[PDB]
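# Coordinates in review
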Amino acid sequence: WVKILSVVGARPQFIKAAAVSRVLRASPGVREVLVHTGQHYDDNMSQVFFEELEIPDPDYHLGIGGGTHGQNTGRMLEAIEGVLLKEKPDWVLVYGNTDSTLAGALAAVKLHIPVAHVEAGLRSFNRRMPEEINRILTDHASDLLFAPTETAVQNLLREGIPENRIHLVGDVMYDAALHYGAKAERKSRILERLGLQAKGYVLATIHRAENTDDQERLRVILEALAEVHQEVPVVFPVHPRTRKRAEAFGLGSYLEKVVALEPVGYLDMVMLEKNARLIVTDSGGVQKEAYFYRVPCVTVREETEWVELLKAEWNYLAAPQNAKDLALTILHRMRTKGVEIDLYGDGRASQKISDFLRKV
Amino acid sequence: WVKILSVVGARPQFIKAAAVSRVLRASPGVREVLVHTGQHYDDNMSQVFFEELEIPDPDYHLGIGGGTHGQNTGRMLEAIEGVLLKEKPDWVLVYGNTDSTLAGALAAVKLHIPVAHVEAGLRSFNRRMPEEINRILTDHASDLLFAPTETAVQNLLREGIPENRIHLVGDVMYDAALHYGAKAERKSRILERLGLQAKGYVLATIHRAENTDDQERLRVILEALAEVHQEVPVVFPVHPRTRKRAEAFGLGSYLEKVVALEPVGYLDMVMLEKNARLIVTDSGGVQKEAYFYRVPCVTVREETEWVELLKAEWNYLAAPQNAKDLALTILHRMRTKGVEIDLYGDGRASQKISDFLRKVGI
Ligand SMILES: CC(=O)N[C@H]1[C@@H](OP(=O)(O)OP(=O)(O)OC[C@H]2O[C@@H](n3ccc(=O)[nH]c3=O)[C@H](O)[C@@H]2O)O[C@H](C(=O)O)[C@@H](O)[C@@H]1NC(C)=O
Ligand SMILES: CC(=O)N[C@H]1[C@@H](OP(=O)(O)OP(=O)(O)OC[C@H]2O[C@@H](n3ccc(=O)[nH]c3=O)[C@H](O)[C@@H]2O)O[C@H](C(=O)O)[C@@H](O)[C@@H]1NC(C)=O
Ligand SMILES: O=c1ccn([C@@H]2O[C@H](COP(=O)(O)OP(=O)(O)O)[C@@H](O)[C@H]2O)c(=O)[nH]1
Ligand SMILES: O=c1ccn([C@@H]2O[C@H](COP(=O)(O)OP(=O)(O)O)[C@@H](O)[C@H]2O)c(=O)[nH]1
Ligand SMILES: [Cl-]
Ligand SMILES: [Cl-]
């Protein structure tokens with residue numbers, strides 16, 4: 001009998017936890033307790049994931065969100081701690097690299113509760129980025145480090161974390177893609193609703209702060225996607241923050257010139273990804289999922305944490321400096337492909353993690 | 001020309017800030033803002049240091065303290081972020097490794113305000129210490145790391161922190177002792193008051209969480225100090241957390257078997273340490289201060305961050321497993337001395353720190 005408490009706050013964490021939760025569910029002598037921080041609150045950012053991915057209702061919802069880093073992190077720290085004091089779990093699992101991840105880890109370590117980091121050791125090497133600080137500080141606070149890639153393992157060794165706390169387990173988001181693929185196939189009618197032809201569009205997601213808080217980068221991206229749309233329709237589920245920023249800077253009309261949507265559930269997303277001729281993104285999860293489906297990817301950033309996608313020629317960096325340059329880069333890359341190579345494991349990252357926990 | 005905001009919360013942070021702040025005040029093109037989180041709030045833990053060490057009143061008092069890690073750290077994080085969004089300093093300086101330290105770093109780093117950590121790179125290699133977590137994460141959140149020892153430099157390099165963000169500046173607590181030592185001698189009447197002569201007593205402080213939060217560990221310490229007291233008077237300024245734990249556990253009567261005091265100010269502390277025959281402590285700063293005055297030290301812990309003191313034989317660990325043994329250890333070490341060696345620098349760590357903050361560049 002072991003109690004594993006999972007802290008999730010954001011869409012990509014709901015998706016990670018859906019894989020790990022499934023395995024821990026049907027594991028003998030494990031009870032999972034699941035805490036939703038409230039970081040993501042809109043139904044299209046949160047509830048649709050619990051429904052479509054069949055995720056047990058959370059035991060706690062702390063309803064903390066939409067504030068500053070200080071506010072969100074600070075309140076999450078106090079609220080999560082209160083839950084840990086009640087539930088006394090054997091393990092705390094945190095996912096990814098948001099404020100929720102860091103608050104979960106830090107709440108737990110101060111109470112002498114072991115913390116395991118799902119998706120450990122990724123580095124952008126740009127420490128001005130909030131997400132890099134979150135990765136570094138979470139990794140250094142954790143007891144177990146579940147690395148998805150060899151690079152991630154090397155990044156942890158280089159920062160003095162001992163071998164014996166690092167397990168290369170592959171990527172749980174690959175597990176999720178595998179497990180939910182069929183259900184996406186039989187439930188998603190988004191190509192229908194959108195009048196899209198399989199391989200008759202490009203898929204785009206953009207929400208990095210460094211791309212949406214900076215008017216000139218955001219303008220380069222929306223200008224570039226509208227141009228690309230002239231040639232091949234662009235489907236663009238727009239993150240709420242991205243949509244806020246584009247409206248605020250007067251760039252809303254570019255969204256009207258493509259097939260812009262509110263955020264979609266995972267099942268639609270899978271169908272849009274699979275059927276896309278090419279994916280343009282600044283999302284970590286979406287650039288891996290592109291590779292899952294052997295759809296060429298352009299990452300609108302100066303670096304990625306997922307370097308093996310660049311090496312395997314499946315993914316290509318295009319920093320948003322020039323709208324025409326970026327447009328042409330997207331259009332050129334859609335008739336490219338990468339090498340045959342299996343990354344991210346066998347799709348049983350979640351049971352490797354289950355096993356390592358119930359042992360250690 | 002440059003605005004440097006310090007975050008302090010606890011007694012040892014006020015002493016460190018005293019030393020640095022004096023320098024920063026002399027420096028042209030340097031404005032300071034001091035934020036007192038409120039972590040330490042009693043006058044004999046906060047106010048007395050401001051007054052005797054000549055520190056100006058804090059620009060802000062957040063009045064947070066007395067809660068869990070969660071509550072204190074969380075509220076400090078939100079509160080400090082508010083101040084920083086008002087003051088928009090060029091640097092935030094954090095000291096040591098309390099919950100205040102970490103909340104200060106975390107507030108700052110997410111606003112892209114550069115953080116400098118005074119007393120950087122120390123490691124106990126014991127994560128059960130909240131303090132170990134605080135200094136690991138502070139260090140990894142910092143853009144400048146002011147290391148007091150070579151061990152601390154090596155600890156940082158081993159955790160992947162680049163050499164160019166690390167500077168071995170020595171210890172500002174040696175600067176403090178050096179700068180305030182004449183005033184202590186001039187003003188302190190503590191020895192007169194207690195009725196002690198030089199070398200006629202042992203000084204004790206105890207306040208680690210791992211020593212006070214466990215009933216029988218604390219009993220081991222208090223009982224050992226009672227025993228020592230029979231052979232050589234024991235003077236014991238008692239931390240409020242320690243008194244409170246001793247009360248709740250029903251161990252109050254042990255404090256009658258020694259010369260238990262309320263916390264003393266820095267000036268009285270210097271005179272107590274300076275004139276002690278031996279110091280027994282679980283304090284970080286007190287360990288070093290014992291060496292400053294060439295007084296043998298016994299550290300009542302399973303480890304210290306200040307390992308050079310053990311190697312120079314000025315300090316000796318004695319984990320509290322057994323009262324008779326801890327007593328005997330204490331009395332045995334009273335007759336010892338370490339090797340002559342200079343540690344902690346030249347008493348101008350603050351000046352080196354000021355210099356780096358000013359010339360680091362945009
Ligand atoms: C750059 C960065 O730090 N990123 C971190 C960030 O993730 P991320 O950038 O992927 O955010 P995000 O794109 O919202 O979600 C993608 C998912 O949403 C689905 N997705 C996407 C759009 C949509 O409309 N519908 C939908 O279902 C997709 O199908 C896909 O499954 O938070 C993660 C977390 O903390 O767990 C970290 O692991 C990441 N760290 C890394 C290193 O990738
Ligand atoms: C073990 C540990 O983590 N310790 C950390 C801790 O310090 P510390 O353990 O030394 O606490 P503490 O003993 O209350 O203060 C001593 C001072 O009080 C004076 N002092 C002491 C008693 C007294 O009655 N009067 C008085 O003036 C003494 O003269 C002396 O100058 O908080 C510090 C901080 O974050 O800045 C960190 O730098 C430390 N990290 C290290 C590594 O030493
Ligand atoms: O359900 C949600 C989640 C987020 N957001 C918006 O997206 C912003 C960024 O939120 P997030 O939690 O992603 O912050 P990050 O992890 O990027 O720091 C928020 O302030 C909101 O404006 C929203 O509108 N609805
Ligand atoms: O001025 C003060 C500061 C602290 N405390 C008590 O000491 C406890 C521990 O305080 P803190 O969490 O700052 O840690 P510590 O001072 O022991 O390192 C507090 O909860 C209070 O009960 C007190 O009585 N007066
Ligand atoms: Cl998005
Ligand atoms: Cl004390």
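Parameters and conventions
- Residues numbered from 1 in each chain as written, not as in the entry; some residues may be left out.
- Chains lettered and ligands numbered in written order.
- Heavy atoms only, no water.
- Residues with missing side-chain atoms left out of burial classes, pairs and counts.
- Near = heavy atom within 4 Å.
- Polar contact = N/O pair within 3.5 Å; in protein donor to acceptor, adjacent residues only side chain to side chain.
- Areas by Shrake-Rupley, 256 points an atom, 1.4 Å probe, with all protein chains shown as cover.
- Nonpolar A, V, L, I, M, F, W, Y, C, P; charged D, E, K, R; others polar.
- Domains from an automatic or database assignment.
- Pairing = 2+ DSSP bridges.
- Helix = DSSP H or I, 4+ residues; strand = E, 2+ residues; numbered from the N terminus.
- Axes fitted to C-alpha atoms, helices over the stretch in contact; angles between N-to-C directions.
- Buried < 20%, exposed > 50% of the residue type's maximum accessible area, 1.4 Å probe, protein only.
- Contact = heavy atoms within 4.5 Å.
- Buried area = accessible area lost by both parts, 1.4 Å probe.
- Salt bridge = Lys/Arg side-chain N within 4 Å of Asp/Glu carboxyl O.
- UniProt positions renumbered as here; feature names shortened; annotations may be inferred.

For this coordinate set, the PDB header names X-ray crystallography as the determination method and states a resolution of 1.90 Å.

Here we take up the site of ligand 4. All names here are of chain B. The environment of ligand 4 is made up of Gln 39, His 40, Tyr 41, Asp 42, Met 45, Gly 66, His 239, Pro 240, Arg 241 and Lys 244. One nitrogen or oxygen atom from the side chain of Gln 39 is found 3.0 Å from an oxygen atom belonging to ligand 4. Taking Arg 241, its side chain carries an N or O atom lying 3.0 Å from an oxygen atom of ligand 4. In isolation ligand 4 offers 510 Å² of accessible surface; the protein chains occlude 83% of this area. Tallied by class, residues from the shell around ligand 4 come to three nonpolar, four polar and three charged. Taken together, domain 1 (2-178 + 345-359) and domain 2 (179-334) each give at least three residues to the shell around ligand 4, which thus spans both.

Moving on, we come to the sheet that holds strand 13 (residues 315-317) of chain A. Residue and element names in this part refer to chain A. Strand order in this open sheet of six strands is 10-9-8-11-12-13, and the pairing throughout is parallel. The strands lining the two open edges of the sheet, one partner per strand, are strand 10 (259-261) and strand 13. Put simply, the sheet's adjacent strands are angled 20° from each other on average, direction ignored. The pairing of strand 8 (residues 202-205) with strand 9 (residues 234-237) spans two bridges and is parallel. Looking across to strand 9, one finds that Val 202 is bridged to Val 234.

The next subject is the pairing of strand 4 (residues 91-95) of chain B. Residues and elements named next belong to chain B. The buried count for strand 4 comes to five of five residues, which makes it a mostly enclosed element. Here strand 4 shows a buried face lined by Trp 91, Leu 93 and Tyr 95 and a second buried face lined by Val 92 and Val 94. As defined by bridge partners, strand 1 (residues 3-8) adjoins strand 4 across four bridges and the pair is classed as parallel. Within strand 4, the residue paired with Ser 6 across the bridge is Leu 93. In the sheet, strand 4 pairs with strand 5 (residues 115-118) via four bridges, with the strands oriented parallel. When the sheet's bridge partners are listed, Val 92 is paired in strand 5 with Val 115.

Residues and elements named next belong to chain A. Domain annotation of chain A identifies domain 1 (2-181 + 345-359) and domain 2 (182-331). On a C-alpha basis, the centres of domain 1 and domain 2 stand 26 Å from each other. Contact with domain 1, which involves 27 residues of that partner, is made by 28 residues of domain 2. Surface buried jointly by domain 1 and domain 2 totals about 2,200 Å² across both partners, of which 57% is contributed by carbon and sulfur atoms. Looking only at domain 1, the three residues that lose the most surface to domain 2 are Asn 44, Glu 52 and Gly 181, adding up to 22% of its buried area. In this structure, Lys 183 engages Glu 54 in a salt bridge whose closest nitrogen and oxygen atoms are separated by 2.5 Å. Applying the counting criterion to the domain 1 and domain 2 interface returns 12 residue pairs in polar contact. Contributing elements (two or more residues each) for the side of domain 1 that touches domain 2: helix 1 (11-25), helix 2 (47-52), helix 5 (130-141) and helix 7 (172-187). Of the residues contributing to the side of domain 1 that touches domain 2, the split by class is 13 nonpolar, five polar and nine charged.

This brings us to the interface of chain A and chain B. Counting residues at the interface gives 30 residues for chain A and 31 residues for chain B. Inspection of the region where chain A meets chain B yields four salt bridges. Among the salt bridges present, the one from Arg 75 of chain B reaches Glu 78 of chain A, with a minimum N-O distance of 2.6 Å. Here chain A and chain B share 16 residue pairs in polar contact between them. The element that contributes the greatest number of residues to the side of chain A that touches chain B is helix 3 (residues 69-87) of chain A, accounting for nine residues. The class makeup of the residues in the side of chain A that touches chain B is nine nonpolar, 11 polar and 10 charged.

For the rest of this paragraph, the subject is the domain arrangement of chain B. Often the size quoted for an interface is simply the accessible area lost on bringing the parts together. Residue and element names in this part refer to chain B. In terms of domain boundaries, chain B breaks down into domain 1 (2-178 + 345-359) and domain 2 (179-334). Between the C-alpha centres of domain 1 and domain 2 the distance comes to 26 Å. With 31 residues of domain 1 in contact, the opposing surface of domain 2 contributes 26 residues. Between domain 1 and domain 2, the buried area comes to about 2,500 Å², and carbon and sulfur atoms account for 55% of it. Seen at the junction of domain 1 and domain 2, the total is five salt bridges. A salt bridge links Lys 288 to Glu 119, with the nearest nitrogen and oxygen atoms 3.3 Å apart. Connecting domain 1 to domain 2 are 17 residue pairs in polar contact. Breaking the side of domain 1 that touches domain 2 down by element, the ones donating at least two residues are helix 1 (11-26), helix 2 (47-53), helix 5 (130-141) and helix 7 (172-187).

Take the UniProt feature "binding site: UDP 2" (unreviewed entry) in chain A next. Residue and element names in this part refer to chain A. The sites that carry the UniProt feature "binding site: UDP 2" (unreviewed entry) are, in the present numbering, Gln 39, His 40, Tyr 41, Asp 42, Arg 241 and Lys 244. Topologically, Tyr 41 is positioned in the loop between strand 2 (30-36) and helix 2. What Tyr 41 contacts, discounting residues up to four positions off in sequence, is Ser 46, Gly 65 and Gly 66. Along the polypeptide, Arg 241 turns up in helix 11 (residues 240-248). Its relative accessible area of 27% is what places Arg 241 among the partly exposed residues. Setting aside residues no more than four positions away along its own chain, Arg 241 makes contact with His 207, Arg 208, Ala 209, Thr 212 and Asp 213.

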